[PDB]
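Student: Take this structure, written in structure tokens, and hold onto it; I'll ask about it next.
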Amino acid sequence: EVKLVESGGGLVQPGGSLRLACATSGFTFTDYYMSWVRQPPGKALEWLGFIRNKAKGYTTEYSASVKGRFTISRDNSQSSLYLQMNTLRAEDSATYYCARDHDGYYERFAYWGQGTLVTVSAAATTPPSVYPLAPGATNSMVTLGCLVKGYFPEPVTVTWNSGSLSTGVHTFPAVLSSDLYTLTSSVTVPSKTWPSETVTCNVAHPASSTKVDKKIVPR
Amino acid sequence: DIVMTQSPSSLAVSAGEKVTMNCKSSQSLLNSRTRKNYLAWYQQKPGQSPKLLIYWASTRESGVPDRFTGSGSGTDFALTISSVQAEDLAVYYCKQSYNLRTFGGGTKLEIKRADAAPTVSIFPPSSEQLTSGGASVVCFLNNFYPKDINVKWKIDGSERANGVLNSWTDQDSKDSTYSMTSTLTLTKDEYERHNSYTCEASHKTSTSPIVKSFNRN
Ligand SMILES: C=CCO[C@]1(C(=O)O)C[C@@H](O[C@]2(C(=O)O)C[C@@H](O)[C@@H](O)[C@@H]([C@H](O)CO[C@]3(C(=O)O)C[C@@H](O)[C@@H](O)[C@@H]([C@H](O)CO)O3)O2)[C@@H](O)[C@@H]([C@H](O)CO)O1
Ligand SMILES: [Zn+2]
């Protein structure tokens with residue numbers, strides 16, 4: 001099981017600086033180039049740089065867009081990869097991936113991390129309020145939701161019954177208004193299963209270390 | 001400077017049908033030393049990380065279905081999907097690794113399917129939000145096709161458009177539908193001055209609008 005995991009992402013002031021991390025495992029870290037790739041929400045992937053393998057001296061190269069301003073390093077005893085970002089602007093706001101790169105032969109990014117989201121804003125970390133969307137109607141199925149309102153920055157995660165409600169879920173893209181995000185998540189279950197069996201939304205906002213469970217009770 | 005450019009920007013196609021998308025390089029990606037074209041294709045499903053489909057232009061990565069074929073040489077490349085499936089909804093990226101690395105702008109593949117009508121659900125403010133001074137009325141238009149749709153909010157039989165924010169989802173990977181939220185945000189005070197709250201979904205699947213409403217009491 002090759003795994004790549006980015007961390008260090010979150011809210012940063014414009015002009016500020018930030019270091020991201022990429023933890024790797026399940027392959028000989030030292031034999032591979034590793035690259036960093038970013039992506040503004042709704043936009044395209046931009047390659048930022050790589051660091052070569054052992055055989056090639058762990059040397060770095062950068063794209064013209066961030067060259068002289070971003071810095072890649074690796075910890076070969078830990079199988080870790082870093083990106084150091086300086087003098088940030090809102091253009092730098094993006095999900096950042098680390099990807100396994102060249103091994104000396106293959107020309108592919110065979111594996112990618114899940115990405116960590118960076119938001120460059122003077123706005124402040126605001127935790128979310130979480131509201132229960134309870135109905136009542138009737139039908140053979142019933143729809144419930146949670147309203148996640150007034151948080152900053154992105155992202156939040158929403159699960160239902162701790163992930164054991166996986167189908168019938170629609171989590172909607174957040175909308176920004178007056179520097180705050182609001183999104184909702186819907187779940188559809190058999191009318192027969194609710195409210196006999198409980199339905200709970202679990203919302204997380206790691207920027208503010210917020211964790212909320214919200215049980216959906218009949219009004 | 002190797003600029004990568006992709007075509008088209010977006011297209012929809014029915015399941016079972018064939019898709020070709022193109023990738024152009026500002027110079028040849030043909031390594032003369034190795035006789036391989038350094039061009040890779042990555043598939044990025046909604047909310048997912050990119051995953052590798054093809055490398056050296058035509059080489060399928062293990063696990064990838066034969067439905068996907070990478071073709072081309074020099075400056076012009078193509079990812080063809082022989083029989084498109086509901087799960088192929090994604091943005092596709094080509095990437096050169098001949099002078100460092102550079103991604104194209106991507107092709108967004110959407111899936112055409114039969115028209116479908118939205119399931120509409122309306123939700124009054126929670127007692128929790130109310131006591132804090134706010135009142136959000138939420139309406140879910142779920143699992144409809146196609147994406148173009150209209151919501152009208154009616155308070156006490158009168159249309160209102162202030163404080164209505166709407167949000168569409170990506171296409172579903174299983175059934176190729178869209179869903180959308182319409183959220184009407186009031187103060188508790190305004191919410192209490194009126195008694196009837198109505199969400200109206202108008203969509204090409206019907207001449208008659210789907211209406212969901214609740215009374216404050
Ligand atoms: C620098 C002397 C000449 O190097 C070559 C040549 O370019 O003619 C290629 C060189 O290839 C190898 C090797 O040493 O076996 C393997 C090859 O796959 C690469 O790893 C290269 C380099 O390490 C460069 O790779 C990169 C880079 O680091 O910038 C990244 C790659 O993904 C790709 O972009 C290459 C690009 O295609 C240029 O090569 O650049 O090293 C080797 O074949 C020697 C040969 O022994 C003669 O000296 O020739
Ligand atoms: Zn009024």
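Neighbour counts are summed over all protein chains in view; Cβ atoms, including those assigned to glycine, are modelled from backbone coordinates with ideal geometry. Read the figures in this text as sums done on the coordinates, not as results from a lab.
Student: Filter region B:156-187 for residues that are in contact with a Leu (Cβ under 6 Å, 6 or more places away or on another chain) and within 16 Å of ligand 2 (Cβ to nearest atom) and give the result.
Tutor: B:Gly163, B:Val164
Student: Residues to consider are A:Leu45, A:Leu20; find the one that is buried (at least 19 other Cβ atoms within 10 Å of the Cβ), away from every other protein chain (no Cβ under 14 Å) and within 22 Å of A:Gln114 (Cβ to Cβ). Give the steps one after another, and end with the answer.
Tutor: Values: A:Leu45 fails: away from every other protein chain (no Cβ under 14 Å).
Answer to the check: A:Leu20.
Student: Moving to a separate point now. Taking region B:27-52, which residues are charged (D, E, K, R) and under 21 Å from B:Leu100 (Cβ atoms)?
Tutor: Within region B:27-52, B:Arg33, B:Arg35, B:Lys36 meet the criteria.
Student: Take the residues in region B:141-155 that are in contact with a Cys (Cβ under 9 Å, 6 or more places away or on another chain) and more than 16 Å from ligand 2 (Cβ to nearest atom), then tell me which one is nearest to B:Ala114 (Cα to Cα).
Tutor: For region B:141-155, the residue satisfying everything is B:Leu141.
Student: Just need a number here: residues in region B:188-216 that are more than 16 Å from ligand 2 (Cβ to nearest atom), more than 12 Å from chain A (Cβ to nearest Cβ) and over 24 Å from the mean Cα position of the chain (by Cα).
Tutor: Counting residues in region B:188-216 that are more than 16 Å from ligand 2 (Cβ to nearest atom), more than 12 Å from chain A (Cβ to nearest Cβ) and over 24 Å from the mean Cα position of the chain (by Cα) gives 4.
Student: Another question about this same structure. If A:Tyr32 satisfies all but one of (1) surrounded by fewer than 18 Cβ atoms within 10 Å (Cβ to Cβ); (2) more than 23 Å from the chain's Cα centre (by Cα), what's the number of the condition it fails?
Tutor: Result: A:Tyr32 passes all but (1).
Student: Could you please tell me which pairs satisfy a Cβ distance under 6 Å, a separation of 6+ or placement on different chains, a first residue in region A:31-60 that is farther than 12 Å from A:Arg74 by Cα, and a second residue that is hydroxyl-bearing (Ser, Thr, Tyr) and surrounded by 23 or more Cβ atoms within 10 Å (Cβ to Cβ)?
Tutor: Close Cβ pairs (under 6 Å, with a partner that is hydroxyl-bearing (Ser, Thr, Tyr) and surrounded by 23 or more Cβ atoms within 10 Å (Cβ to Cβ)) amount to A:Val37/A:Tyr97; A:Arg38/A:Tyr96; A:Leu45/B:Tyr93.
Student: May I ask you to list the residues in region A:68-123 that are outside any strand (DSSP E or B), away from ligand 1 (no atom under 16 Å from the Cβ), more than 9 Å from chain B (Cβ to nearest Cβ) and not small (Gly, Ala, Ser)?
Tutor: Within region A:68-123, A:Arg69, A:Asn76, A:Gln78, A:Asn86, A:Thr87, A:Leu88, A:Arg89, A:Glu91, A:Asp92 meet the criteria.
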